[PDB]
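J.: Based on what follows, work out the 3D shape:
(chains A and B)
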Amino acid sequence: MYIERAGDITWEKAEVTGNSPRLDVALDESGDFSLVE
Amino acid sequence: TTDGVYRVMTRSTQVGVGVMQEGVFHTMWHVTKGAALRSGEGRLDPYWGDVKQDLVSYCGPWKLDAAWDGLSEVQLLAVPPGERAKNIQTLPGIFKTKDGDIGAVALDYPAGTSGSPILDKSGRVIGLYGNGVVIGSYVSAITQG
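T.: Residues are numbered from 1 along each chain as shown, chains lettered A, B, ... in the order given. What follows is the structure:
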């Protein structure tokens, strides 16, 4: 396993996409998120 | 050792992404499962890890501490395998948990993008991408140490 540089950490004046859902979730000890009703 | 975003590779296959900042490499635990990493001729050794946060840091303690402000758009700096780094701007949704709200981005990129940083308007890393839920649209928590 090895690493290779891929870019700067910069904000780019970028495509805009994606929803913004509000979800009820629980997180268990294995780090797994799950939906809650 | 240089600050920036990095591909996490294996022998080549891209298994994840991480952030180098202040000499510490940050990625998600499920990307490396805490294994040592090669950086040129040097070795990065795991320093702190937490399976429940799904985070790991190498050569030092976790350095990233910005957080989402709850209103502004953010940018996912996705590093997909075989593609150049690209910025995807979005407004986070919210994971509502028993222990408070977590920002979340409803963006679905290849699994080798796990560990890509999410940035605020000031260019600071507010979390890493790649641990989340399927609503099948994937929604990733903005995971911050």
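J.: now do the same end-to-end measure for stretch B:99-109.
T.: Start and end residues of stretch B:99-109 are separated by 27 Å (Cα to Cα, to the nearest Å).
J.: now do stretch B:87-97
T.: This stretch, stretch B:87-97, spans 28 Å end to end (Cα to Cα).
J.: Please determine whether that stretch lies in contact with chain A.
T.: Yes - counting by Cβ under 8 Å from any Cβ of the partner chain, chain A is contacted by stretch B:87-97 at B:87, B:88, B:89, B:90, B:91, B:92, B:93, B:94, B:95, B:96, B:97. (C-beta placed from N, C-alpha, C; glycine too.)
J.: Mark which of the residues you listed are buried, thanks.
T.: Neighbour-count burial (16 or more other Cβ atoms under 10 Å in any protein chain shown) applied to the residues of stretch B:87-97 next to chain A gives B:87, B:88, B:89, B:90, B:92, B:93, B:94, B:95, B:97.
J.: what sits opposite the fourth one in the beta ladder?
T.: Here residue B:90 shows beta-bridge partners residue B:74, assigned using DSSP bridges.
J.: No further questions, thank you.
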